[PDB]
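Engineer: The structure under discussion is supplied below as structure tokens; questions concerning it will follow.
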Amino acid sequence: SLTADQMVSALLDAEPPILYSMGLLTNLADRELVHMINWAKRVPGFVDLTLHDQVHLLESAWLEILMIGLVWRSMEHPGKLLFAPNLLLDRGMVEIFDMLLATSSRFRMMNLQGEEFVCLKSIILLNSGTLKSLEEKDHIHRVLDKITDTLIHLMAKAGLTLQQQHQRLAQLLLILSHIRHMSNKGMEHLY
Amino acid sequence: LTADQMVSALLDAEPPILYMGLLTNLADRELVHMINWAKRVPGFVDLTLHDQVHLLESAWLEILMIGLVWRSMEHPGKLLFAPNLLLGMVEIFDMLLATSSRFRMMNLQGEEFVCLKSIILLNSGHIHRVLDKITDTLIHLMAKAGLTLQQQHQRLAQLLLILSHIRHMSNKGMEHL
Ligand SMILES: CC(C)c1ccc(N2CCc3cc(O)ccc3[C@@]2(C)c2ccc(/C=C/C(=O)O)cc2)cc1
Ligand SMILES: CC(C)c1ccc(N2CCc3cc(O)ccc3[C@@]2(C)c2ccc(/C=C/C(=O)O)cc2)cc1
């Protein structure tokens with residue numbers, strides 16, 4: 001029950017702040033998580049799901065959101081990873097850091113817009129992860145369809161051709177496989 | 001190439017259906033036909049031998065798994081590893097079945113499946129130009145079918161997002177091995 005400019009607006013407003021600071025990295029993660037739970041609650045369609053589902057969707061995607069957020073602010077800082085404005089870093093942390101830097105290098109070369117980013121951040125949450133179950137998942141795919149055509153509109157309003165629009169949508173969703181990859185390869189070392 | 005010559009090449013490149021230790025053997029047998037399939041994928045041989053090795057090093061279980069989900073699409077609640085074999089592995093099987101369940105609910109067409117297999121290979125690692133060409137192919141077939149741009153976009157996106165689930169399954173499975 002929302003339009004394109006209405007989805008980005010809801011999302012941009014729900015946007016968490018840029019906080020300040022391995023022990024550091026964890027205290028920053030534990031603090032970014034709380035603004036994420038609120039950001040998740042403010043996602044158009046998320047609060048609707050029951051507590052057992054909302055927790056699943058967040059346990060499944062919290063390290064991807066932390067990674068895409070990180071890759072977003074580090075974009076204008078080539079070779080560096082801006083975890084916080086007071087915590088700029090560089091080159092199993094190192095391999096993760098390289099992939100993280102590669103993703104950023106890419107996002108910058110793609111000229112990813114803040115409005116296009118907040119869409120991917122939501123896709124990462126709704127995508128990664130009885131009757132209640134079969135009906136919640138149906139609505140989740142409904143929301144994900146809304147966001148696809150929100151992104152397509154953003155691209156259309158940005159004067160891209162019909163081909164460019166398709167070719168960029170696939171380019172962004174294909175990055176979201178690598179972020180899952182970095183997410184999972186990171187959870188490995190955490191455990 | 002062209003969008004109809006693409007799907008033509010892709011379908012003619014398709015590996016055959018072969019017939020724990022049981023599956024372990026089957027997997028290594030299918031890895032030979034997959035390297036074979038990889039060479040026929042338009043634009044793969046153009047790459048350097050180091051790239052070709054690393055793409056297969058990364059995609060090998062994803063390629064097996066997407067092929068498996070395709071084989072078990074018409075066999076609900078079961079996994080068709082081979083026609084002579086229909087069945088933390090309990091967790092992986094559960095996730096794989098859900099992918100067939102999803103590909104069934106979405107009516108995955110063979111022409112779309114061969115397109116996704118090439119995307120899994122070339123994306124899990126000139127590569128972007130070919131990836132755009134396979135994108136175009138998936139989009140052209142949805143247009144050929146007669147679907148609207150709103151639905152095309154929906155089908156393209158909902159399909160590629162299953163690729164992220166395929167990596168999770170790969171990662172989990174590779175962790176265990
Ligand atoms: C390979 C391994 C060493 C590794 C693990 C994780 C990470 N990530 C990459 C993305 C990212 C993004 C941020 O904004 C902040 C922090 C991070 C860290 C640096 C991060 C995230 C969570 C936690 C702990 C949680 C807990 O136990 O409470 C610690 C560090 C990078 C490398
Ligand atoms: C959780 C974990 C134990 C696990 C790992 C992989 C798998 N996959 C799932 C998809 C799939 C699809 C097939 O067509 C064949 C086989 C398979 C197996 C069953 C498969 C793949 C590779 C190998 C080993 C090769 C080696 O190292 O020699 C063994 C089994 C399922 C579970």
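By order of appearance in the structure tokens: chains A, B, ..., then residues from 1 within every chain, and ligands from 1 in the order shown.
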Could you write out as a list in words the residues of chain B within 9 Å of chain A, counting only C-alpha atoms?

Structural biologist: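 The contacting residues on chain B are residues 119, 123, 124, 125, 128, 131, 132, 133, 135, 136, 139, 150, 153, 154, 156, 157, 158, 160, 161, 162, 163, 164, 165, 166, 167, 168, 171, 172 and 175 of chain B.
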
Engineer: Which protein, DNA or RNA residues have an atom within 8 Å of ligand 2, counting only C-alpha atoms and all ligand atoms, as a ChimeraX atom specification?

Structural biologist: /B:20-21,23-28,30,61-62,64-65,67-68,81-82,88-93,96,170,172-177

Engineer: Those residues with C-alpha atoms, as a compact mmCIF listing (two decimals), in the first residue's frame please?

Structural biologist:
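Printed below is out_11.txt as written:
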# COMPACT_ATOMS: atom_id res chain seq x y z
CA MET B 20 27.59 -40.71 2.19
CA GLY B 21 30.29 -42.48 0.12
CA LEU B 23 26.89 -39.39 -2.96
CA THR B 24 30.60 -38.49 -2.50
CA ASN B 25 31.42 -40.69 -5.55
CA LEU B 26 28.44 -39.29 -7.59
CA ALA B 27 29.55 -35.66 -6.82
CA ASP B 28 33.13 -36.30 -8.11
CA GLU B 30 29.44 -34.99 -11.89
CA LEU B 61 28.92 -27.18 -4.98
CA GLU B 62 26.47 -24.34 -5.97
CA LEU B 64 25.75 -29.34 -8.13
CA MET B 65 23.03 -28.07 -5.74
CA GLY B 67 21.16 -28.99 -10.74
CA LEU B 68 19.93 -31.23 -7.88
CA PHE B 81 20.59 -37.19 -6.90
CA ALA B 82 20.42 -39.80 -9.79
CA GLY B 88 24.75 -31.89 9.32
CA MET B 89 23.24 -33.23 6.01
CA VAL B 90 19.67 -33.30 7.55
CA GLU B 91 19.81 -29.43 7.66
CA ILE B 92 21.24 -29.15 4.05
CA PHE B 93 18.56 -31.59 2.64
CA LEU B 96 17.64 -27.92 -0.68
CA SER B 170 27.17 -24.12 -0.48
CA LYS B 172 27.25 -24.51 5.09
CA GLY B 173 27.95 -27.73 3.13
CA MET B 174 31.62 -26.81 2.45
CA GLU B 175 32.11 -25.95 6.21
CA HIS B 176 30.94 -29.52 7.03
CA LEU B 177 33.34 -31.04 4.39

Engineer: If you count only C-alpha atoms and all ligand atoms, which residues end up within 8 Å of ligand 1, as a PyMOL selection string?

Structural biologist: chain A and resi 22-23+25-30+32+63-64+66-70+83-84+92-97+100+183+185-190

Engineer: To one decimal place in Å, what is the distance between CA of residue 39 in chain B and CA of residue 66 in chain B?

Structural biologist: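 Distance reported for this atom pair: 18.3 Å.
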
Engineer: Find the spatial neighbours of range 46-49 of chain B, counting only C-alpha atoms, within a cut-off of 9 Å - ignore same-chain residues fewer than 5 positions away - and output them as a ChimeraX atom specification.

Structural biologist: /B:54,126-127

Engineer: Grab the residues selected above and save them as a PDB file, in the first residue's frame with N, CA and C atoms.

Structural biologist:
ATOM      1  N   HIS B  54      39.530 -20.885 -10.403  1.00  0.00           N
ATOM      2  CA  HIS B  54      38.957 -20.237  -9.227  1.00  0.00           C
ATOM      3  C   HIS B  54      37.434 -20.137  -9.272  1.00  0.00           C
ATOM      4  N   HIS B 126      35.211  -8.471 -18.937  1.00  0.00           N
ATOM      5  CA  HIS B 126      34.611  -9.447 -19.852  1.00  0.00           C
ATOM      6  C   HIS B 126      33.585 -10.348 -19.159  1.00  0.00           C
ATOM      7  N   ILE B 127      33.761 -10.587 -17.845  1.00  0.00           N
ATOM      8  CA  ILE B 127      32.845 -11.385 -17.035  1.00  0.00           C
ATOM      9  C   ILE B 127      31.499 -10.652 -16.886  1.00  0.00           C
TER      10      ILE B 127
END
